[PDB]
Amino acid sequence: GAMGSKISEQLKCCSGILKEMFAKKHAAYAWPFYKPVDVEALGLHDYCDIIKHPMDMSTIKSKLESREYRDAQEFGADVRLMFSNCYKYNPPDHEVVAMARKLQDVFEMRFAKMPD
(Lines of atoms letter the chains of each structure in order from A and count residues from 1; the text may use other names and numbers.)
(Lines give C-alpha, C1' and ligand atoms only; values in the text may rest on other atoms or scores of the structure.)
Protein backbone atom coordinates (compact mmCIF):
# COMPACT_ATOMS: atom_id res chain seq x y z
CA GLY A 1 0.00 0.00 0.00
CA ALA A 2 -0.63 2.78 -1.19
CA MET A 3 -1.88 5.30 1.28
CA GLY A 4 -5.45 5.52 2.63
CA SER A 5 -7.68 3.27 4.66
CA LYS A 6 -10.21 0.72 3.22
CA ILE A 7 -13.07 3.11 3.44
CA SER A 8 -14.55 4.25 0.20
CA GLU A 9 -13.27 7.47 -1.38
CA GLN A 10 -16.68 8.91 -0.69
CA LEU A 11 -16.36 8.29 3.00
CA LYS A 12 -12.88 9.89 2.94
CA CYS A 13 -14.49 12.93 1.42
CA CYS A 14 -17.14 12.91 4.19
CA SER A 15 -14.48 12.72 6.86
CA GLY A 16 -12.51 15.54 5.26
CA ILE A 17 -15.61 17.74 5.13
CA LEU A 18 -16.38 17.10 8.78
CA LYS A 19 -12.78 17.86 9.74
CA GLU A 20 -13.04 21.15 7.90
CA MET A 21 -16.28 21.93 9.71
CA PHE A 22 -14.37 21.45 13.01
CA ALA A 23 -11.43 23.65 11.83
CA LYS A 24 -10.46 26.88 13.55
CA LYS A 25 -11.23 28.88 10.42
CA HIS A 26 -14.97 28.14 10.82
CA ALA A 27 -15.16 28.09 14.63
CA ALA A 28 -16.82 31.44 15.14
CA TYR A 29 -19.99 30.13 13.41
CA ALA A 30 -19.55 26.32 13.83
CA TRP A 31 -19.25 26.08 17.57
CA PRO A 32 -22.99 25.73 18.36
CA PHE A 33 -22.99 22.51 16.35
CA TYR A 34 -19.97 20.80 17.92
CA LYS A 35 -21.76 18.83 20.63
CA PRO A 36 -25.29 17.68 21.46
CA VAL A 37 -27.58 20.54 22.36
CA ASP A 38 -27.32 21.03 26.13
CA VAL A 39 -31.02 21.39 26.79
CA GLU A 40 -30.54 21.42 30.58
CA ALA A 41 -27.96 24.08 30.52
CA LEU A 42 -29.76 26.39 28.08
CA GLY A 43 -33.17 25.82 29.72
CA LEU A 44 -34.68 24.50 26.50
CA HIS A 45 -37.62 22.73 28.12
CA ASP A 46 -39.49 22.47 24.81
CA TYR A 47 -36.59 21.11 22.70
CA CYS A 48 -37.50 17.49 22.93
CA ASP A 49 -41.18 18.23 22.22
CA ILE A 50 -40.08 19.80 18.91
CA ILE A 51 -36.99 17.79 17.85
CA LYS A 52 -37.38 14.04 17.46
CA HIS A 53 -33.86 13.23 16.35
CA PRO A 54 -31.11 15.47 17.82
CA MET A 55 -27.85 15.55 15.85
CA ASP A 56 -24.51 17.30 16.21
CA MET A 57 -21.00 17.14 14.74
CA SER A 58 -19.49 15.00 17.49
CA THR A 59 -22.16 12.38 17.02
CA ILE A 60 -21.53 12.46 13.28
CA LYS A 61 -17.79 12.06 13.92
CA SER A 62 -18.46 9.06 16.10
CA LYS A 63 -20.66 7.46 13.48
CA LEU A 64 -17.89 7.85 10.84
CA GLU A 65 -15.39 6.39 13.25
CA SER A 66 -17.61 3.36 13.91
CA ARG A 67 -18.28 2.93 10.22
CA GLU A 68 -21.96 3.32 10.79
CA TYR A 69 -22.46 5.39 7.67
CA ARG A 70 -22.38 3.02 4.75
CA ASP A 71 -22.25 5.82 2.13
CA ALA A 72 -22.08 9.54 1.64
CA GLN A 73 -25.84 9.89 1.44
CA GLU A 74 -26.28 8.55 4.91
CA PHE A 75 -23.63 10.90 6.27
CA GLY A 76 -25.11 13.87 4.43
CA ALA A 77 -28.55 13.06 5.86
CA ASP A 78 -27.20 13.46 9.38
CA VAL A 79 -25.50 16.74 8.55
CA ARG A 80 -28.86 17.92 6.99
CA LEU A 81 -30.72 16.75 10.06
CA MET A 82 -28.48 18.81 12.34
CA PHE A 83 -29.11 21.98 10.38
CA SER A 84 -32.85 21.28 9.94
CA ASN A 85 -33.23 20.82 13.69
CA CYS A 86 -31.72 24.25 14.13
CA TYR A 87 -34.05 25.80 11.54
CA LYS A 88 -37.07 24.04 13.10
CA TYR A 89 -36.43 24.94 16.71
CA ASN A 90 -35.10 28.47 16.61
CA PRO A 91 -36.82 31.65 15.48
CA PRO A 92 -35.79 32.56 11.90
CA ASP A 93 -34.07 35.83 13.11
CA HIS A 94 -31.96 34.10 15.72
CA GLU A 95 -28.20 34.47 15.47
CA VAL A 96 -27.77 30.69 15.55
CA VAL A 97 -29.80 30.36 12.38
CA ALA A 98 -27.44 32.75 10.61
CA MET A 99 -24.47 30.68 11.91
CA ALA A 100 -26.16 27.48 10.69
CA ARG A 101 -26.59 28.93 7.23
CA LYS A 102 -22.92 29.84 7.06
CA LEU A 103 -21.75 26.39 8.18
CA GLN A 104 -24.26 24.79 5.90
CA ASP A 105 -22.80 26.70 2.96
CA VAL A 106 -19.32 25.42 3.86
CA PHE A 107 -20.78 21.93 3.92
CA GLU A 108 -22.95 22.09 0.81
CA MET A 109 -20.34 23.63 -1.48
CA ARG A 110 -17.84 20.92 -0.61
CA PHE A 111 -20.28 18.02 -0.39
CA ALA A 112 -21.38 18.97 -3.96
CA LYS A 113 -17.79 17.90 -5.05
CA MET A 114 -18.30 14.37 -3.71
CA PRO A 115 -16.56 11.93 -6.00
CA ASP A 116 -18.51 10.02 -8.48
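Note that residue numbering follows the sequence shown and begins at 1.
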Between 35-43 and 22-30, the record assigns the higher mean Cα B factor to 35-43
Going by the B-factors listed in the PDB entry, is the mean over the C-alpha atoms higher for 105-113 or for 2-10?
-> 2-10
Per the deposited entry, the peak Cα B-factor within the set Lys61, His53, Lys88, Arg70 goes to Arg70
Going by what the PDB entry lists, where does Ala98 fall on CA B-factor within its chain: lowest, middle or highest third?
-> highest
